[PDB]
Amino acid sequence: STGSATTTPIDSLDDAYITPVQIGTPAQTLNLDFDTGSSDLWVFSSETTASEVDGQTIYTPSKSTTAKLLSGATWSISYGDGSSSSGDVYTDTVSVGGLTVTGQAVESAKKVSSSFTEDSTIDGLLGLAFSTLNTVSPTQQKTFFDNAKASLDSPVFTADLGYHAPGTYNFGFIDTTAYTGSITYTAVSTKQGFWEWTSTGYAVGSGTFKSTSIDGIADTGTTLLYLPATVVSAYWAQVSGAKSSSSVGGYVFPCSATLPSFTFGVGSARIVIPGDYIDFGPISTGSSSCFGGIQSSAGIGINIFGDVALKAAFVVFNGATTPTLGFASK
Ligand SMILES: NCc1ccc(C(F)(F)F)cc1
């Protein structure tokens, strides 16, 4: 079987993408952020502290005939940006774009950080990293992808994120009409639980391609591109008036500048990120300083190929026994 769901940016800057997901019987539809950098399916619920909910749609397990409390199970998670959430755990039926999994762990948020509360468009997260990162204790739970794998035609899902436009998450098949040329596959390391791979180098604008190994993760749940300081410095050196700002928290640039493209390597292939994708607009309303979409990973400790990079490509997450990552131009 297969599934296919449209994913929509939550705002005019593509800060995150939401995808409708059916939970429970009868279906309760929530808009979840599909996150290949985490492995928990957690949702705002009727159990979330009332003051911590501001316009989100909430999952109500008491109205689902298929919901079952997973007795004794708790979850607690903290994301790389400082966000956090925790609660108890139900099992229920979960469908994405026609693909249905029964008995999926649905982690009901009893407490959520302020970052999630103030984002009324995101009802929760659907983790698509490897199940070894799932935070449910004492019995670790499987992701939606892991539970669906056996019934999928192929153990793959693809991310086709749009630039200021809706996109598609497909499960179980590869849409050969959604990309140009060939797909280049590269090996994945699962040792940290991420879709971790090694880029073969980079180029700035029309400059020469620098062959160098960049280890990083493919993360749909991260907005920007986080690369080593040496690469990020070489990119922003080409932008007139760009500088790293300690008060803003990263590289900013005059909103009047035009940004060069950024090219990253996938084996022998090249993926080009247009300069317009790296513009994240004024740092405050009316400011003439704009925020850059390529930032340094030095504070984070791992390089992150977030949405800025992934939306320039058609990306295959091949979850075979030897996992691989496929990239194609589109
Ligand atoms: N979007 C999930 C996510 C967030 C942060 C990290 C970090 F910071 F640990 F790399 C990994 C994955």
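Atoms within each ligand, like the ligands themselves, are counted from 1 in listed order. Note that these values count all heavy atoms, side chains included, but never hydrogens, waters or copies made by symmetry. The first residue in the sequence is number 1, and the count goes up from there.
Close approach of ligand 1 to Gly221 (heavy-atom distance below 4.0 Å) involves ligand atoms 1 (N). In the vicinity of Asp219, heavy-atom distances shorter than 4.0 Å reach the ligand 1 atoms 1 (N), 2 (C), 3 (C), 12 (C). Of all atoms in ligand 1, listed by their number and element, those nearer than 4.0 Å to a heavy atom of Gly80 are 4 (C), 5 (C), 8 (F). Less than 4.0 angstrom separates some heavy atom of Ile302 from each of these atoms of ligand 1: 10 (F). Every atom of ligand 1 is numbered from 1 in the order shown, and the set under 4.0 Å from a heavy atom of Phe194 is 11 (C), 12 (C). Close approach of ligand 1 to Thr222 is summarised as follows: ligand atoms under 4.0 Å from at least one heavy atom of the residue are 1 (N).
Aromatic ring centres of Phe314 and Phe327 lie farther apart than the 6.0 Å criterion allows.
Cation-pi geometry between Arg270 and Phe209 is met: the NZ or CZ atom falls under 6.0 Å from the ring centre, inside 45° of the normal.
Atom 12 (C) of ligand 1 has as its closest protein heavy atom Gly37 O, 3.0 Å.
Considering only residues two or more places apart in sequence or on other chains, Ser83 meets the side-chain hydrogen bond (donor to acceptor under 3.5 Å, both in side chains) condition with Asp81, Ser115.
Nearest heavy-atom pair across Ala67 and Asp92 is CB-OD2, 3.4 Å.
For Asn303 and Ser297, the side-chain atoms include at least one donor-acceptor pair closer than 3.5 Å.
Applying the 6.0 Å contact sphere to NZ of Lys210 captures no more than 12 heavy atoms from other residues, nucleotides or ligands.
Between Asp35 and ligand 1, at least one N/O pair is under 3.5 Å apart.
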